[PDB]
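Only one chain is given next, in structure tokens, and it is the form deposited in one PDB entry.
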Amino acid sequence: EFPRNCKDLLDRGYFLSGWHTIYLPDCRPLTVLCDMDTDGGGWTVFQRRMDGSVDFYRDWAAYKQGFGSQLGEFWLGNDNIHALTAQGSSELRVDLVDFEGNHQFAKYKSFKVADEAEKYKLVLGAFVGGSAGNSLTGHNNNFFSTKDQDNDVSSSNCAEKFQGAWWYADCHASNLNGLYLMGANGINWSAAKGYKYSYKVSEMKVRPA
């Protein structure tokens, strides 16, 4: 019928991950990538990196709308992410695979992204656990920044300096939306300042708690 999230789809027999249309709070249809395999399944994937084929060094407008390909890398769009997390309580999961096939993850108790008027402010709950480490520690309430709209608290333009949009505060390292390095490689996710971690694949996803 009118699935409201990937969890509803999973309950309806959809055991394989894939794209499906779900209906947002205002019933706006949105085709999203459902992770039906990982940690119970029913996760709506809003970010995916895997080979650096997609340019993520985009402006505010692009991140607002979303960009990329369903066949590969993408950013679902901030308005969409806000819409997906505005209702109820949602948990955040970050799934990563290093360049040797090791899967690692990080999970957060609650995750919400405010609307554009609030600069897509990140409302992040407690770090639940995960082999990947808590790279988003202290990021609760950080506003979103893109190369053309610096809403971070650093003297440098974080989004430019780390070539990517994120919920920056006082930036010191690149993140999952940074440049996909080739020949550190891929993208970074580290909980320890001064130490980078290279991942080939990244997926940020949400599911009602």
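Take the two forms, find the largest set of C-alpha atoms that superpose within 1.5 Å, and that set is the rigid core. Shifts are known only where both forms have a C-alpha. Don't overthink the numbering: it's just position in the shown sequence, from 1.
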{"item": "Per the entry, higher mean C-alpha B factor between 74-82 and 96-104", "value": "96-104"}
{"item": "Between 198-206 and 4-12 (mean CA B-factor, as deposited), the higher", "value": "4-12"}
{"item": "Residue with highest C-alpha B-factor in the PDB entry, from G40, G68, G164, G52", "value": "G40"}
{"item": "Highest recorded Cα temperature factor - choice among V32, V153, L181, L176", "value": "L181"}
{"item": "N188 by Cα B-factor - lowest, middle or highest third of the modelled chain", "value": "middle"}
{"item": "Among modelled residues of the same chain, the CA temperature factor third for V45", "value": "lowest"}
{"item": "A159 - Cα temperature factor, lowest/middle/highest third of chain", "value": "middle"}
{"item": "Third of the chain's Cα B-factor distribution that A61 belongs to, per the entry", "value": "middle"}
{"item": "Position of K119 among the chain's modelled residues by C-alpha B-factor, lowest, middle or highest third", "value": "lowest"}
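In what follows, reference is made to the form deposited in another entry, a form of this protein that is not presented.
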| item | value |
| --- | --- |
| Of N151, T38, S174, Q47, the one whose Cα moves 2 Å or more between the shown form and the other one after core superposition | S174 |
| Large Cα move at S198 between the shown form and the other one, threshold 2 Å, rigid core | yes |
| Direction of C-alpha distance change in that other deposited form, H172 to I81 (at least 3 Å) | closer |
| Change in CA distance between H172 and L122 in that other deposited form, which is 3 Å or more, as closer or farther | closer |
| Sequence-ordered runs, three or more residues, C-alpha shift 2 Å or more between the shown form and the other one, rigid core | 172-174, 184-186, 191-198 |
